[PDB]
């Protein structure tokens, strides 16, 4: 496809709602609709990742009639449909809604659905441990019997037949499940789950019988022409992801499959995987880093280091926090891998924790990626020479794809990275929070244009059909929030001044977390107190230093709450914040347009998140999933198509112009996109021009806008565009030969030149 447009389908935006805005999306220039999980989820699911019935399209989202209508709307217009599917796990929040889970609770290992899940029965003493009770003592006195069901407040579980009668507790101890305290899920859990989410139980989709049942309706979409490609959720949690994608490719009849897979650096995926590529986060990392002024690296780091009283080094942070979740909320996983290894050596768990800590990829794919495991083991032996013998024997076992533990470890190192680095270490390394993003190396402050172009060339060579992306439903900060934040690398000293001035007014005791919060407030501004308060509490808990998700500090959280309230409502704090936002507003606009244009014409299939044809200043889940005003966007676009040329302003109109013109061009004139050639400028400010030629379409953008303005503008800087004559889709302005960037960017900080 020429592009994918991502839609959050739910009961508030159904498949019928989506089909009604298909014509606006075609107008905007989208090629394929990228929908979220559509199999029946938990009653009230606003994402659909908690599947409870793989046999039908979710009724709340429109059921099969809805899918059929959306597909027909898209296909009658030449458009395509790619659907997010969730192969690894199912929702168990409401058991009475997961017929498979219910039967396993009701009949234990005698359930026909028992080997659909990944259960250590012997660790549980023949029982499935459900971490549903509260931590207070005497919890089970709330256990009531209600017919053929055990009840614990609003939770209901089946009574195995022939086990009724007596105290509610006497019936509970006869059941194939054991209700336990939620805090016991850190260490004593005996079923495989997704991340540290107990309400997401993994299914053994490597079993052909399980694959057939979980993918039958998905297979119907393919067979009957409803769906044109698939996006696989979390393949890294699968036991045999290679085998899965092979089987999915034949289910999808050779149609394009994209995988959500985080890549680290120059790491490569197994080439035999029959996929189009990833959902885009490798591309996000480079687009953002070409807009970071590299000279801010040491100033902005010292702002964090002085606050922490001790250098925050990413090389310590990552191992430390991976170690911590391996020993904490993800310990049931570590302990289970240790049980399957047997008494290989002495301290097997500490050997595992050290290998997962040092592992520099999310997982191996053995025999592929053995290098990564080998280097982890060696690095663990240097960080912990006390276990040199143990690590060697444990690493030796972990290298044999015939050992079930080697395979389970690969299912676990996926989650130690995400929960330790993305959802923790990120929130402790805020020297520039736009670089703490899904798929990025925050240690890598910036990349020069030469490095940017190399990254584009590599994707054209090995991943030409792969997605690129700037916002997803899982990003920590949405694309224009990061665009403004990134300008702080140009003005580190201004930022120090701001933190100081506003921190002499209100604080929490965690000056490191306050750097992160003010960055999000500044980047998202203007934003409601409700949204900023929610973000602040979530960021503070993810960071885990001054409060936590398990055992919070209410006094601290209320200091954080009154920080954001003072930022919105108090006259002097608010003025200081408004003044800094104004100073950055043009820079962030220019950075946001630069990112959007570069991504949409770069090699690959650009993904456009719902509503990001206007400014998206959202924060983390769920702020990046707010309702999207497609009506407003269409009205905006109709003004643009009616010949209005907007200023760079807060309506987003100039972004809608850039997005719509680049999407259409790529969709409707694809003969223009045949190669990739850097376009470099000439003169006093040539460093500020970043761009490339794709064939007959040239993307031209600005980097480091604050320093450009400080230097007096483009001056007499020129771009060589060829002996050819080009025209800018955004303005109609013509350019030939050595064009002055002052003329090219006379109206906007970007231009999209087309051969004539």
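Residue numbers count along the first chain shown, from 1.
Engineer: Mind pulling up the entry and telling me whether 654-662 or 573-581 has the higher mean Cα temperature factor?
Structural biologist: It is 573-581.
Engineer: Going by the B-factors listed in the PDB entry, is the mean over the C-alpha atoms higher for 12-20 or for 732-740?
Structural biologist: The entry gives the higher C-alpha B-factor average to 732-740.
Engineer: So among 155, 531, 75, 459, who wins on Cα B-factor in the entry?
Structural biologist: It is 155.
Engineer: Take the CA temperature factors straight from the PDB entry and tell me which of 69, 693, 723, 31 peaks.
Structural biologist: Highest C-alpha B-factor among the listed options: 723.
Engineer: Residue 612's Cα B-factor: lowest, middle or highest third of the chain?
Structural biologist: For residue 612, the deposited C-alpha B-factor lands in the lowest third.
Engineer: Could you place residue 234 in the lowest, middle or highest third of its chain by Cα temperature factor, using the values in the record?
Structural biologist: Middle third by C-alpha B-factor.
Engineer: Would you please rank residue 508 by its C-alpha temperature factor against the other modelled residues of its chain and give the third it falls in: lowest, middle or highest?
Structural biologist: Residue 508: CA B-factor falls in the highest third of its chain.
Engineer: Within this chain, which third does the Cα B-factor at residue 471 fall in: lowest, middle or highest?
Structural biologist: It belongs to the lowest third of the chain when residues are ordered by C-alpha B-factor.
Engineer: Based on the entry's values, in what third of the chain does the Cα temperature factor of residue 481 lie: lowest, middle or highest?
Structural biologist: Ranked within chain, residue 481 CA B lands in the lowest tercile.
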